[PDB]
């Protein structure tokens, strides 16, 4: 018994995200996570500023892990 899940309000890519297309990426997290779907949210490299905005297109759970596929809709402080 006991179905544990984690609710996330932000996409934090530890530089481990993978692009499968032009603006859509995939991120694999440990544990069963719940991410707002179709809703725009903040994306960042580290838990600590803002790297951009994105919207999860798909979310799946399998073997204690969760992998999301999101569409990056904008970049924040893009230097230079």
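Residue numbers count along the first chain shown, from 1.
Enquirer: Should the segment between residue 48 and residue 49 be described as having none, 1 to 3, 4 to 9, or 10 or more unmodelled residues of the deposited sequence?
Expert: Gap size class: 1 to 3 residues without coordinates, per the record.
Enquirer: Should the higher mean CA B-factor in the entry be assigned to 15 to 23 or to 60 to 68?
Expert: The stretch with the larger average C-alpha B-factor is 15 to 23.
Enquirer: Quick check on the deposited entry: does the C-alpha B-factor of residue 74 sit in the lowest, middle or highest third of its chain?
Expert: Ranked within chain, residue 74 CA B lands in the middle tercile.
Enquirer: Please say which third, lowest, middle or highest, residue 41 falls into when its CA temperature factor is compared across its chain.
Expert: As the PDB entry reports it, the C-alpha B-factor of residue 41 lands in the highest third of its chain.
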